[PDB]
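Working notes for the structure below.
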Amino acid sequence: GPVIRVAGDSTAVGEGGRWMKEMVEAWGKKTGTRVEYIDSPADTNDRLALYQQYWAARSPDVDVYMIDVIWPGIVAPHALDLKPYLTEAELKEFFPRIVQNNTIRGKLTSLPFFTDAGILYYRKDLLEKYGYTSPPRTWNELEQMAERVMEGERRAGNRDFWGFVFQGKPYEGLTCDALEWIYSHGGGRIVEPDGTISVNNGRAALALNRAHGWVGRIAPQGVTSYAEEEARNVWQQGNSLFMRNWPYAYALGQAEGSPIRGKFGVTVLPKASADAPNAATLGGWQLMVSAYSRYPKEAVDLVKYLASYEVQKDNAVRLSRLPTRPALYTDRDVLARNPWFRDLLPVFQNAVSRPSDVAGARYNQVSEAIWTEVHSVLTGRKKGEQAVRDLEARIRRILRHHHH
Ligand SMILES: OC[C@H]1O[C@H](OC[C@H]2O[C@@](O)(CO)[C@@H](O)[C@@H]2O)[C@H](O)[C@@H](O)[C@@H]1O
């Protein structure tokens, strides 16, 4: 009978690829359906380029794709509309915000699978060791704490020790980190939901200059090449006071044999001042049935299974990845394993989106401009003031004649 083939999460990032292949295998066994799993590059933007090859070919060789929250506007032509396959009641079990994200010109491109938001990881043993009782609320405090702890730990002989790791590589992850920087300085959303390209302002410039100020000082020089896992590795080996990253890093840091098991917490990222907004970039992945699948009924069944309560529960318990079902945030087992889901839920719900809705199908071009201009500040090649002006100009060109 049919072979349902799934291009899912990458085995190069955390345990998501292995766990998803397992879930797909379980559905295959449960229903007596053959399945195959197709692996992917680590970085989202490289995965998009891979999958676009299949879509351009109208290839039947993948039935189900795991797609980024930033993609629906890009991928819609290649998605089977799921709206007819779900009742209103079923669809309301997901966060409406993510359903809406995934709905393009009325077409439900994909089911919400797990959400995501940027957060601050901090070593609580080290904060306590150096007389700090709370994680930093301001970027200035993060700097001051990082400098003092780094000076201490280096003096004690850990030459591998740094104050802060983050995603500074030129790729989509840096757009994520930069939106957080910019938004948390009161510099806006880069491109606002109404289409206004707002990034050329003094607050956004300062946010970028501040980030430059970290590189080779409180963060490694090599941070300009770090994606999620490079940052996680330094952090997880015990060599960073702080890390910006997504929720998945929590379960991995708690695993038996982690050098940092039991020594960290998470909180909202810091911000420039008390009146700035909290910044957490909205991420997360969705489940799309291919418009080119020869087996839409079966593929929809698998996608509904993957997006079910019990699979999302397993995702949350074992991989600390965020449900797209509000009911799971009151599940006793989810909360007992991840108590930080409770206090950060409103951070997750208030996560700031990248400009994928307003840029639509041109989002990837916009983001490439953002990360390349941000990266030029991190490297010390441009100041934030020039970079934001240049970025405005590039985004104006990219979005000229695009209306949302
Ligand atoms: O790099 C930006 C990208 O980050 C996140 O997806 C990448 C991987 O992160 C996970 O560990 C989940 O946090 C894996 O499951 C992902 O493959 C984020 O969710 C995206 O929205 C974002 O574009």
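Residue numbers start at 1 and run along the sequence shown. As the structure lists them, so they are numbered: ligands from 1, and atoms in each ligand from 1.
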- [ ] Run the numbers for me: atoms of ligand 1, each under 4.0 Å from some heavy atom of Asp9, listed by number.
- [x] 14 (C), 15 (O), 16 (C), 17 (O)
- [ ] For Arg321, take its heavy atoms, then give the atoms of ligand 1 lying under 4.0 Å from any of them.
- [x] 15 (O)
Task: Region of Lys169 that comes within reach of ligand 1 [heavy atoms, distance under 4.0 Å] - done: neither
Task: Ligand-side contact atoms (ligand 1) for residue partner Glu172, heavy atom cut-off under 4.0 Å - done: 23 (O)
Task: Numbering as shown, the atoms of ligand 1 that approach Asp116 to under 4.0 Å (heavy-atom distance) - done: 5 (C), 12 (C), 13 (O), 18 (C), 19 (O)
Task: Protein contact of atom 21 (O) of ligand 1 - nearest heavy atom, named by residue and atom, plus distance - done: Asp68 OD1, 2.6 Å
Task: For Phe114, the ligand 1 atoms whose distance to one of its heavy atoms is below 4.0 Å - done: 12 (C), 15 (O)
- [ ] Before signing off on this row, confirm whether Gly284 and ligand 1 have an N or O atom pair separated by under 3.5 Å.
- [x] yes
Open item on the list: Just to be sure I'm reading this right: ignoring hydrogens, which of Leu48, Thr44, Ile70 gets closest to atom 3 (C) of ligand 1? Compare them by their nearest heavy atoms.
Closed with: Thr44
TODO: List in chain and number order the residues that pass side chain to side chain donor-acceptor pair (under 3.5 Å) with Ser273, two or more places apart in sequence or in another chain; answer none if no residue qualifies.
DONE: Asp275
Task: Any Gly283 heavy atom less than 4.0 Å to ligand 1 - done: yes
TODO: Give the atoms of ligand 1, by number and element, whose distance to some non-hydrogen atom of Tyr248 is under 4.0 Å.
DONE: 11 (O), 13 (O)
Open item on the list: Keeping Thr103 on the side-chain end and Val99 on the backbone end, is there a donor-acceptor pair under 3.5 Å?
Closed with: yes
- [ ] Please identify which atoms of ligand 1 are closer than 4.0 Å to at least one heavy atom of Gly173.
- [x] 1 (O), 2 (C)
TODO: Could you check atom 1 (O) of ligand 1 against the protein and tell me its nearest heavy-atom contact, residue, atom and distance included?
DONE: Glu228 OE2, 2.8 Å
Task: Pair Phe264-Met243, side-chain contact (heavy atoms from CB on, under 4.5 Å): steps then yes or no - done: CA-CA 10 Å; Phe264 63 95; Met243 167 175 73; over 6 Å; no
TODO: Hey, can you tell me if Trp71 and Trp55 have their rings parallel, tilted or perpendicular (30° and 60° cut-offs)?
DONE: perpendicular
TODO: Kindly say whether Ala205 contributes a backbone atom to a donor-acceptor pair with the side chain of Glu385 at under 3.5 angstrom?
DONE: no
Open item on the list: I'd like to check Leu208 versus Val374 (side-chain heavy atoms, cut-off strictly below 4.5 Å). Are they in contact?
Closed with: yes
Task: Residues which pass side chain to side chain donor-acceptor pair (under 3.5 Å) with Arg394, listed by chain and number, not counting sequence neighbours - done: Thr372, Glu373
Task: Ligand-residue contact atoms, ligand 1 with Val13, heavy atoms, under 4.0 Å - done: 11 (O)
Task: Residues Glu180, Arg244; criterion salt bridge (charged side-chain N to carboxylate O under 4.0 Å, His left out); working and verdict - done: CA-CA 10 Å; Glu180 284 153 3; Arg244 179 273 181 213; 2.7 Å; yes
- [ ] Test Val149 against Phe242 for side-chain contact (heavy atoms from CB on, under 4.5 Å), laying out the working first.
- [x] CA-CA 10 Å; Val149 176; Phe242 299 121; over 6 Å; no
Task: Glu88 bridged to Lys83 by N-O distance under 4.0 Å - done: yes
Task: N or O pair under 3.5 Å between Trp246 and ligand 1 - done: yes
Task: Identity and distance of the protein heavy atom lying nearest atom 6 (O) of ligand 1 - done: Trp285 NE1, 3.0 Å
Task: cation_pi(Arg321, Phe114) dist<6.0 Å, angle<=45 - done: yes
TODO: Consider ligand 1: state whether an atom of it lies below 4.0 angstrom from any non-hydrogen atom of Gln167.
DONE: no
Open item on the list: Tell me whether ligand 1 is touched by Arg354 - counting only heavy atoms on the residue side and a distance under 4.0 Å.
Closed with: yes
